[PDB]
């Protein structure tokens, strides 16, 4: 069974400078509140061990999302691209845009493209100056992405901003209605507003959902499964959010879920492959 993890941050090179690795104290309370044990690979910061766990889980590849902050938290687009160039058979790079002016944003897009990266990630709720995903300032970016067939990963669930308004489902819904041909992946699946986001995905045929860590024993779990077994078969994406969840435990739990066999295949790898193939252009 082929598995592609849509949120997987390796303990490798520039990623060891991220908060998920420099502050394991914070990451571990989160992993533990979810009901899991910290992966040994993440505890030890061992890429070697991570590869072993990937293998034992059945995960062939990963989608590596950074943070292009330029601050201490950062893992630059250059560094995500170095990781992918070092294990090209294992990690797909995603470029993140983190920008004050629209000129900076397009200078960063220029660099992302030149690095051979083709999927962009936006997390505007965690920027130095936070904004909502439907902020007027982000609209030139979406127009560019839509006109160029570029898929956009946007953080609209979990701790997507300084407070819960940053996951309110009105913000992504505005964006999808105003860019009806733009491919959007909501990372964390817009959790916890699951009732609402199922309706959004129902209405907005371009929206993919990746609940990741938040599918595990939390509100909305039933709703996601129910939708995966109907209209959302082709628009849901397996993901662990590793290192937040351990690879082996999470994947082997996901594999027992009451999802119909052809939808399982799409959620595990087919939907991702389709996304990646669209990006490649």
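Residue numbers count along the first chain shown, from 1.
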{"query": "Of 176 to 184 and 117 to 125, the stretch whose C-alpha atoms average the higher B-factor in the entry", "finding": "117 to 125"}
{"query": "Between 93 to 101 and 150 to 158 (mean CA B-factor, as deposited), the higher", "finding": "93 to 101"}
{"query": "Identity of residue with top Cα B-factor, from 164, 200, 72, 143", "finding": "72"}
{"query": "Residue with highest C-alpha B-factor in the PDB entry, from 210, 76, 206, 108", "finding": "76"}
{"query": "CA B-factor placement of residue 241, once the chain's modelled residues are sorted into thirds", "finding": "middle"}
{"query": "Chain third (lowest, middle, highest) by recorded CA B-factor, residue given as residue 214", "finding": "middle"}
{"query": "Residue 233 - which third its CA temperature factor falls in, relative to the rest of the chain", "finding": "middle"}
{"query": "Assigned third (lowest, middle, highest) for the C-alpha B factor of residue 268", "finding": "lowest"}
{"query": "Lowest, middle or highest third - CA B-factor, residue 46", "finding": "highest"}
